[PDB]
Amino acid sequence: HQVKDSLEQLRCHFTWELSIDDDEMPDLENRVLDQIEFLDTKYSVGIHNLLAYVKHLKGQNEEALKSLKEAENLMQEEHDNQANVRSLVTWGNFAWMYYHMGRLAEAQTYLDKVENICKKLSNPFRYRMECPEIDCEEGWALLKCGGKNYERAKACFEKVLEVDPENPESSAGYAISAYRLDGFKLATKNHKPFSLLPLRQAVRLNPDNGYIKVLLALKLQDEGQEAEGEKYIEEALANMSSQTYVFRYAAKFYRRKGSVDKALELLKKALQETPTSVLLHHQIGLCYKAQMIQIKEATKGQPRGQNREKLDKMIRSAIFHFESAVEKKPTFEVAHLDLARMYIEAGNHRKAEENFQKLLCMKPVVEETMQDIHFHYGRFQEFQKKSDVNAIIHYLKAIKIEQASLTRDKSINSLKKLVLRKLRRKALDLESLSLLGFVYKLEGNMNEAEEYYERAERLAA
């Protein structure tokens, strides 16, 4: 059992417990291929190793080996053949691949190669190489493999910064991980910009990196400093590196600024390079949604003639793009929610209902997204289905998710409005009386609350 025990000591994709959902594998592979072709990084060993791991998980071990050989080939060709400790991730993945394929003598050869380097570098472990480069590689693998992995990814980069606070690579990984984690909390009450100072430092230490600049710009926009952020957008757009990536995030920036035409132009250019990107399709859909809203507000909700044809174009284009996003990544929960909401605008309540029903079964990494699912379904039930019974059920389910948020507040307010409406038709509706007491209780008005609960108890005679 010596071989397997040794393999478990290696630091590589096989031992990093990457959270990779089978339903997210097609999208992951597309994003890995996009990164190989279009993300300009100093080293590409990591991303080829991840492609090899993906091929392995697909049952394509020979294809996996080709990606590991490419990782080794690129290590020397683009860095003057110098020896680099990142190669140990590749060698670890070779050892595992050959173990799985039954090429056990070769597996041992790669273990021996790793051991030889750990000894040369006075590493304390025989196979587990302790160096910041491999902490970074572990972090980048985690960061690519889905939101479930992001606290772990951030901790990989943090471990490096605790020793070397001006390390450019881990500064960047820490900032990106922190930015995405801030995004998970962006609608929670009293959320804070933990990623802002990390992003400033990452830009300082990586001055040619336009990817980091556009994230800094977006966080500045979040924090009400749009003008400062736009300066970073312009710097990034002046650099040719990583364009689909600079363009996707700059397009978000411009959309949120209100320059929707500019956003769409950037996104359509990005789509030429990465047509499978679910982020691009979702962002394009959001641009059409914004233009739909613009048309409605200019025609006070009653477009006719060409304006109506334009509105329908926006609705059907947003549906097309949100459908494209969820076909490619069926676990993309918020794209389903935008899609359901757009089917309401198209007047297709059955397809809205279908997508809400799918959403109600999902288990999002961001648990608070279920508040929005219940809230918007409750509104659909109230306003499109004319079902107060089901609206109440789902407003209550949103409220039962206790985390304080924009949507939980809206759910309390929507329930209050619905119940007040029902009481104006029937002042002695016992259920509505107690629900109004519940609402007042959640708001803090304990005397008004108990009045209504009491009143409701009285009624039960």
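All residue numbers refer to positions in the sequence shown, first residue = 1.
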item	value
Per the entry, higher mean C-alpha B factor between 121 to 129 and 226 to 234	121 to 129
Mean C-alpha B-factor comparison - 358 to 366 and 208 to 216, higher one	358 to 366
Top residue by Cα temperature factor, when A251, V334, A298, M342 are compared in the entry	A298
Peak C-alpha temperature factor (PDB record), options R152, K329, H282, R308	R308
Third of chain Cα B-factors occupied by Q60	middle
Third assignment of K262 from its chain's C-alpha B-factors	middle
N49 - Cα temperature factor, lowest/middle/highest third of chain	lowest
Ranked C-alpha temperature factor of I20 among modelled chain residues, by third	highest
Chain thirds of CA B-factor: placement of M314	middle
